[PDB]
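There are 2 protein chains.
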Amino acid sequence: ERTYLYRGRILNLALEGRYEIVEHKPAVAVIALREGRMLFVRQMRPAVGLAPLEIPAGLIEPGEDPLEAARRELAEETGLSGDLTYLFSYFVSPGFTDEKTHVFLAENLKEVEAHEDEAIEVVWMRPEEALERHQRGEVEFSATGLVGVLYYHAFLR
Amino acid sequence: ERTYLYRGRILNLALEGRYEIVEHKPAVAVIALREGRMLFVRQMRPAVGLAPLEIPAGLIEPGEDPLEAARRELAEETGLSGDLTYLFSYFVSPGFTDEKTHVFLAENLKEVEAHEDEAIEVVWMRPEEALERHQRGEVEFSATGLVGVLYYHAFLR
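This is how it looks when you write it as structure tokens:
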């Protein structure tokens, strides 16, 4: 039976028997390549005290399906629109949360919204360089950033 | 300032200003290939109500570094030992948790512990087949499972 300890803004905390469970909205993430650069983003993330390398991402809002949320986050975080293709999904950490992330590829990007606001910093970077900087200890990845880098190396070269 | 709402067994829930933060132990995950098959594992995960395809993984325990935890989880979940190489790390979902996962490659596997207990099910599967089953809607991934599949396609073929 699920017993709620905390009902919040993007999460709830529940106990289910002996299990501590964090309910969390589903998410999307968008992989985009242009001229050999991947579209990363960075923001301060208070949970970790730093700004990891991510790709455009966010929570699915009421009424949206993953494709629509992916469109919205690409536009809101980077001012771009593209033709989106669903790739795959993953549970971020199924040992404690139900957050599920739906990953899309974006092609044929166009700037639809003009951008020196760095709430969300747009970081175009070759994925090879992102991986090298991470191997040198100079940047951290989110799961979405790492998935973007690995997907590129696997399928986009 | 961090205010604790809940102090638990693998997580704490805190508020930091407007931010809801789940503190969680760091984790490890191990990518291993043998005869073209990747070493996946499955377990029932109450947070998601299903058993996603993962790779051997778990929490770093007091006193351990990531390499040691990776050795331990490979042995405890699959009965194997190997020569381990650190690959990269990622934050599972830095918008709300500090869980950081350290990913290793295992080579030269040997069975050191004998295995029909399916608490943790060992699932050797070609990564191409894992990806096809997921694309057909027949299995879900954890982040670690997806990272293993993408890493294989990028660097191990």
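If you read the protein sequences in the order shown, they are chains A and A'. A prime marks a further copy of an entry chain. Residue numbers 10 to 124, 127 to 168, in the authors' numbering, belong to the letters of the first sequence in order. Residue numbers 10 to 124, 127 to 168, in the authors' numbering, belong to the letters of the second sequence in order. Every residue gets a Cβ at the ideal spot worked out from N, C-alpha and C, and that includes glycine.
Exercise. Are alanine 23(A) and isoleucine 30(A) closer than 7 Å when you measure CB to CB?
Worked result: yes
Exercise. In the stretch 30 to 56 of chain A, which residues sit with their C-beta less than 7 Å from some C-beta in chain A', listed in chain order?
Worked result: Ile30, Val31, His33, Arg54, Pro55 and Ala56
Problem set entry | chain A contact for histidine 164(A') (CB, 7 Å cutoff) | yes
Exercise. Based on the DSSP output, what are the partners of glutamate 63(A) in its beta bridges?
Worked result: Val50(A)
For this session: Establish whether the CB of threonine 87(A') and some CB of chain A are separated by less than 7 Å.
Result: no
For this session: Decide yes or no for the touch test of the stretch 103 to 112 of chain A against the stretch 141 to 151 of chain A: beta carbon pairs closer than 8 Å, at least 3 of them.
Result: no
Problem set entry | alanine 141(A') to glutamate 132(A') span [Cα, whole Å] | 15 Å
Exercise. Can the beta-carbon of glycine 88(A) be found closer than 7 Å to that of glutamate 63(A)?
Worked result: no
For this session: Keeping to the same chain, check which residues put their C-beta closer than 6 Å to that of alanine 38(A'); ignore five residues upstream and five downstream.
Result: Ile64, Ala66, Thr110, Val112 and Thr155
For this session: Report buried or exposed for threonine 106(A), applying the criterion of at least 16 other Cβ atoms within 10 angstroms of its Cβ.
Result: buried
Exercise. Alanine 38(A') by DSSP, collapsed to three states: which one?
Worked result: strand
Exercise. Which value, in whole angstroms, describes the spacing of the CA atoms of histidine 124(A') and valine 101(A')?
Worked result: 30 Å
Problem set entry | Cβ neighbour criterion (16 or more within 10 Å) applied to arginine 51(A') | buried
Exercise. What residue does the beta strand (DSSP E) around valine 158(A) start on, and which one ends it?
Worked result: Per DSSP, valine 158(A) belongs to no beta strand (DSSP E); it is in the alpha helix (DSSP H), 154 to 166.
Exercise. Looking only at its own chain, which residues have a Cβ that is under 8 Å from the Cβ of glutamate 127(A'), when we skip the five neighbours before and after it?
Worked result: none
Exercise. Are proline 61(A') and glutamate 151(A') close, meaning C-beta to C-beta below 7 Å?
Worked result: yes
For this session: Have a look at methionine 136(A) and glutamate 143(A') and give me their C-alpha separation to the nearest angstrom.
Result: 30 Å
Exercise. If we call anything under 7 Å between Cβ atoms a contact, is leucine 161(A') one with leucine 59(A)?
Worked result: no
Exercise. Taking the beta strand (DSSP E) that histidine 111(A') falls in, what are its first and last residues?
Worked result: 109 to 120
For this session: Name the residue from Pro103(A'), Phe97(A'), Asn117(A') and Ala130(A') whose alpha carbon lies nearest to the alpha carbon of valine 158(A').
Result: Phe97(A')
For this session: Give the residues from the stretch 79 to 105 of chain A' that approach chain A closer than 8 Å (Cβ to any Cβ), ordered along the chain.
Result: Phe97, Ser98, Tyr99, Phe100, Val101, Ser102, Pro103, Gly104 and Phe105
Exercise. Can you name, in chain order, every residue of its own chain whose Cβ lies under 7 Å from the Cβ of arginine 46(A), other than the five neighbours on each side?
Worked result: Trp135, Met136 and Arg137
Exercise. Is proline 71(A) buried or exposed, if buried means 16 or more other CB atoms sit within 10 Å of its CB?
Worked result: exposed
Problem set entry | Candidates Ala84(A), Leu76(A), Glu32(A) and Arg11(A), of which the one nearest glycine 26(A) by Cα | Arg11(A)
For this session: Check whether the Cβ of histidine 124(A') lies closer than 7 Å to any Cβ atom in chain A.
Result: no
Problem set entry | Length of the line joining the Cα atoms of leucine 68(A) and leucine 14(A) | 22 Å
For this session: Give the DSSP-derived three-state secondary structure of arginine 43(A') in the structure shown.
Result: strand
Exercise. In or out: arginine 168(A') buried (at least 16 other Cβ within 10 Å) or exposed?
Worked result: exposed
For this session: Taking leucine 118(A') as the reference, give the member of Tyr95(A'), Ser153(A') and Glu44(A') with the closest Cα.
Result: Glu44(A')
Exercise. Which residues share a DSSP beta bridge with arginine 27(A)?
Worked result: Bridge partners of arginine 27(A): none, in fact.
Exercise. When DSSP labels each residue in this structure, what does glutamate 82(A') get in the three-state scheme?
Worked result: helix
For this session: Report the neighbours of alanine 154(A) on chain A': residues whose CB is nearer than 9 Å to its CB, in chain order.
Result: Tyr99, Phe100, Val101, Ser102, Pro103, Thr110, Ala154, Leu157 and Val158
Problem set entry | CA-to-CA distance, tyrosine 28(A') to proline 103(A), given in whole angstroms | 22 Å
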